[PDB]
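**Q** Structure of the sequence below:
(5 chains, ligands or ions: 1)
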Amino acid sequence: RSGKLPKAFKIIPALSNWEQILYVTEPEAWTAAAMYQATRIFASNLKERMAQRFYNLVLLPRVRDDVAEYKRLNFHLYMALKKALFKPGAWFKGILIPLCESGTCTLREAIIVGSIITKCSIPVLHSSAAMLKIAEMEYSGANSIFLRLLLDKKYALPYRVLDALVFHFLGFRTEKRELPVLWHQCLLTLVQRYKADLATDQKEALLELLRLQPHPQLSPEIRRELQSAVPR
Amino acid sequence: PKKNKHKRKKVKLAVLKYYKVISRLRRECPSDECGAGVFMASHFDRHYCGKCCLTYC
Amino acid sequence: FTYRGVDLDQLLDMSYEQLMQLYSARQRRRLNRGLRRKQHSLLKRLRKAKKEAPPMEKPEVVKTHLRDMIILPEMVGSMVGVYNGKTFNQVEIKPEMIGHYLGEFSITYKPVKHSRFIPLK
Amino acid sequence: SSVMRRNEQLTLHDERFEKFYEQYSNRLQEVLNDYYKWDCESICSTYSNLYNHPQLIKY
RNA sequence: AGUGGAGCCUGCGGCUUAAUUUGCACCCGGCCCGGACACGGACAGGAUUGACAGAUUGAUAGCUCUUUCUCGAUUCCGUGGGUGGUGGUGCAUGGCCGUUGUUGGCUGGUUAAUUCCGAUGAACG
Ligand SMILES: [Zn+2]
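**A** Residues are numbered from 1 along each chain as shown, chains lettered A, B, ... in the order given. See below for the structure:
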C-alpha cells in the first residue's frame, strides 16, 4: 500500500539475473503501486533494452487486462505508464508498437495512452520514426487515434515521414469500406498542420482521395484547407 | 496544508568543482559500471556514488 | 509511595513475567497477549528521551497516538503528550498512575454545558 | 519507400531511422547483509444615530 | 391488561461538540498526483530525472528540510472567461448468448477406502 520499499528490491537494476527474480515473484500478482515504484526504478537507474523487455513482458499485459476488467485505468498504473514515458525509446518499442501489432487494441486503450502521449512533449526524431512505423503497418480502429494526436503534436515533420503518410493514404485509394468520422478527423488534422509541406501533386492526389471517398460533413473542410494552402 | 512540489536547486556551474587549472578534485568510484568521470560525493562524514549507490564512510 | 506493598525501586527491579501478579485482570490479560511493535517502539523512544535528558529537570516531550498504551513502572517521570483526536495533551507520569491507560489522561470530548406568555387582553 | 518525392525546398534533416526499424558482485552480498457573543445583526444594536448630525436649515 | 408516574435502555426534535454522519457517510492531522492550445519568460553557460545519510513527523520518507553526486531536452514557469477529456449521460446503429427430443462412449505425496489434491469422443430424428 505505502511506506518505504525494502532495499532488496531496488537492486534489480544492478542484478544481472532479473528474469528469474521477476519470475519467482509470481508475475500475475502485484498491485498497482508496486508497478508504479517498479517502473520508476526501472526507468530511472536502468538502461534502455532491459527496460523495454520489462515493458514487453510485465507492463503491457497488466494495463491490458486491467482495462479489460474495469474498462478504465487505475491511478497508480497511469502514473507508472507516464513514468515509462519518461524513457521515450524503451516505452515506444516496449509498450506502444507491440500494442500496435497486437491487433486487438480497443478504442479505450488507444485513447488513454494517446492522451498520455499528448500530456508529454516527446522527442521529435524518434517520434517521427514511430510515425513511419505506424504508417507502414495496417489500419485498425486504434492507430488512427495515434495518428490524429501525433499530428496534433505539431512537430517539425520530416519529409520521408510525410511521404510515408501520403503513401498510406494512396494505399486507401480504391477501397470501398466505410471509413469512420475519425478517419476524416485525422485527414483534417493533417491538412490543418502540414498543408505547407505538401507539394502540388500531393494536393491533387488528396483531392481525388476526397472525390472518391467523400464525407457529407467533414470533406468540405478538407477541400477548403487544401485549396487555401500555401506551399513552401 | 498544500504540498508544494520539490524544486531542483539550479546550482551555478556544477561542472566547475572536480578539476583544477588537471587532476580529479574528487574521488573515483571503483565499481565496474561506474568510473572514468563518475565523481564521488564528499559529505562531511561520508562519500557516495550517485549512480549505483556505492557507500563509503 | 507504595503500590500493592511494593516500592518503586524494586518495582524497577521487578521482572516482566511476575509483574503481572500485582496488576489487574485486564492488565494481566493484556501483558499475556504481549505488547506489539508500536508499544515497544514507544518504549524505546521514551527510554531514549530519558537518556540524554540533563540530570536536573524533566526530559523533553514525547508525542504519541497510543491511547491503548499502559503505564509501565519504567515510564515514571516521562513527559508524554497523547492525542485525543484533535490536539495533544501533555501529562506527567506519576508513580500512582501505574494501573491506568494513557488514553484516560486526554479526554476526547468536551463536557455538555446547556419568558412565559401572559395575556394582556 | 515511394516513387514521388520532395523535388524542391530545403531538406534540412537526414532521417536517421536505421537504429529504429531494425532494432527488433560484492554489492549484492553487502545489501543482502543489510537486508537482515456578537454577530452581524446584534452588533447593529450598539450603533448610535445622534452624534454627527449636519446643520438643519429651517423653513 | 396496561402505557402516560419512577429507574434504566432506546427512536425522533432540541442542546453541547471538531464530529456527535445520513435520508463509515462525520471530524482532526500526514502522503500521492492536477491537461493540451495561444503568447511571454528560463534552458546545453545547462532545462530536468534518480539518490545515500541525518532530521522533521504520532511514525518514515529524495513523496518533505539540509549536503552535493549523477540523468541530460525525455524541458518547466505565468496569464487567458478560448476550447476541453482516462470524464457522466440518451438516441439510431453492426455482430453474439440464453429465451419463447433419442441412443451410444497415472510420475508425486495423501486416506480406513478405486480417499484427497496433483498431470491428464460420437452419432439419429
Ligand atoms: Zn559509480
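**Q** Going by C-alpha atoms from here, please, whenever you check contacts or count neighbours.
**A** Fine.
**Q** Excluding chain neighbours, give the residue nearest to residue A:99 in space.
**A** Using C-alpha to C-alpha, 6 or more residues apart in numbering or on different chains and skipping residues adjacent in sequence, the residue nearest residue A:99 is residue A:105, 6.5 Å away.
**Q** Enumerate every residue touching the one you found.
**A** Applying C-alpha atoms under 8 Å, 6 or more residues apart in numbering or on different chains, we find residue A:105 in contact with A:99, A:141, A:142.
**Q** Quick check: beta-bridge partners of the spatially closest residue to residue C:62 that is not a sequence neighbour?
**A** Leaving aside its chain neighbours, residue C:62 sits nearest to residue C:80 (4.9 Å; criterion: C-alpha to C-alpha, 6+ apart). Beta-bridge pairing for residue C:80 (DSSP bridges): residue C:62, residue C:91.
**Q** which one is residue A:88 nearest to, not counting chain neighbours?
**A** Leaving aside its sequence neighbours, residue A:88 sits nearest to residue A:122 (C-alpha to C-alpha, 6+ apart; 6.9 Å).
**Q** circling back to that earlier point, pretty sure the residue nearest to residue A:99 sits in a helix.
**A** No - looking at residue A:105 with DSSP: H, G, I helix; E, B strand; the rest coil, it is coil, so not inside a helix.
**Q** gap between it and residue A:114?
**A** Separation of residue A:105 from residue A:114 (C-alpha to C-alpha, to the nearest Å): 12 Å.
**Q** on that earlier part again, hmm, residue C:63 and the residue nearest to residue C:62 touching each other?
**A** Yes - using C-alpha atoms under 8 Å, residue C:80 is in contact with residue C:63, at 5.9 Å.
**Q** Just give me the residue right at the centre of chain C.
**A** Nearest to the mean C-alpha position of chain C, by C-alpha atoms, centre = their mean, lies residue C:102 at 3.1 Å.
**Q** tell me the SS of residue 8?
**A** Using chain A here. Assigned by three-state DSSP, the conformation of residue A:8 is coil.
**Q** was after chain D, sorry
**A** Using three-state DSSP, the structure places residue D:8 in coil.
**Q** Now the phi/psi pair for it, please.
**A** Per-residue torsions, residue D:8: phi -170, psi 170 (degrees, to the nearest 10).
**Q** what about it, how many neighbours?
**A** By other C-alpha atoms under 10 Å in any protein chain shown, 8 other residues sit near residue D:8.
**Q** before we move on, what about residue A:197?
**A** Neighbourhood size, residue A:197 [other C-alpha under 10 Å]: 19.
**Q** Tell me the spacing between it and residue A:159.
**A** Per C-alpha to C-alpha, residue A:197 is found 8 Å from residue A:159.
**Q** could I have stretch C:50-59 exported to PDB, CA atoms only?
**A** Written as PDB, here are the backbone C-alpha positions of stretch C:50-59 (Å, rounded to 0.1, in the frame of the first residue of the first chain):
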ATOM      1  CA  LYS C  50      15.200   9.800  29.200                       C
ATOM      2  CA  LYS C  51      18.700   9.000  28.100                       C
ATOM      3  CA  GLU C  52      20.100  12.400  27.100                       C
ATOM      4  CA  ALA C  53      18.000  14.400  29.500                       C
ATOM      5  CA  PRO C  54      20.000  16.700  31.700                       C
ATOM      6  CA  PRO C  55      20.000  15.300  35.300                       C
ATOM      7  CA  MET C  56      18.300  18.300  37.000                       C
ATOM      8  CA  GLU C  57      14.900  18.800  35.300                       C
ATOM      9  CA  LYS C  58      12.400  16.700  33.400                       C
ATOM     10  CA  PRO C  59      13.100  15.400  29.900                       C
END
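**Q** does whatever residue of chain D ends up closest to RNA strand E sit in a helix or strand, and which one?
**A** Nearest residue of chain D to RNA strand E: residue D:34, at 9.2 Å (C-alpha to the nearest atom of the strand). Remark: residue D:34 resides in helix D:26-35, with elements defined by DSSP states H and E.
**Q** how about that helix, does it get close to chain A?
**A** Yes - Helix D:26-35 is in contact with chain A by C-alpha under 8 Å from any C-alpha of the partner chain, via D:28, D:31, D:32, D:35.
**Q** who's in contact with that helix?
**A** With contacts defined as C-alpha under 8 Å, 6+ apart, helix D:26-35 is touched by A:6, A:7, A:8, A:11, A:15, B:54.
**Q** In PyMOL, how would I select the buried members of those residues?
**A** Per 16 or more other C-alpha atoms under 10 Å in any protein chain shown, the buried members of the contacts of helix D:26-35 correspond to this PyMOL selection:
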select buried, chain A and resi 11
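**Q** Distance of the closest residue to the ion within chain C relative to residue C:3?
**A** Residue nearest to the ion within chain C: residue C:41 (36.3 Å; C-alpha to the ion). Distance, residue C:41 to residue C:3, using C-alpha to C-alpha: 26 Å.
**Q** next one: residue D:43
**A** Using C-alpha to C-alpha, one gets 59 Å for the distance from residue D:43 to residue C:3.
**Q** Get me the contact residues on chain B for chain D.
**A** Within chain B, the positions adjacent to chain D are residue B:54 by C-alpha under 8 Å from any C-alpha.
**Q** any idea where the strands of chain B begin and end?
**A** Taking DSSP state E as the test, the strands found in chain B are B:41-43, B:46-48, B:55-56.
**Q** which one of those strands lies closest to residue C:52?
**A** strand B:46-48 (25.5 Å; C-alpha to C-alpha).
**Q** So what touches that closest one?
**A** The contact list for strand B:46-48, computed with C-alpha under 8 Å, 6+ apart, reads B:40, B:41, B:42, B:54, B:55, B:56, B:57.
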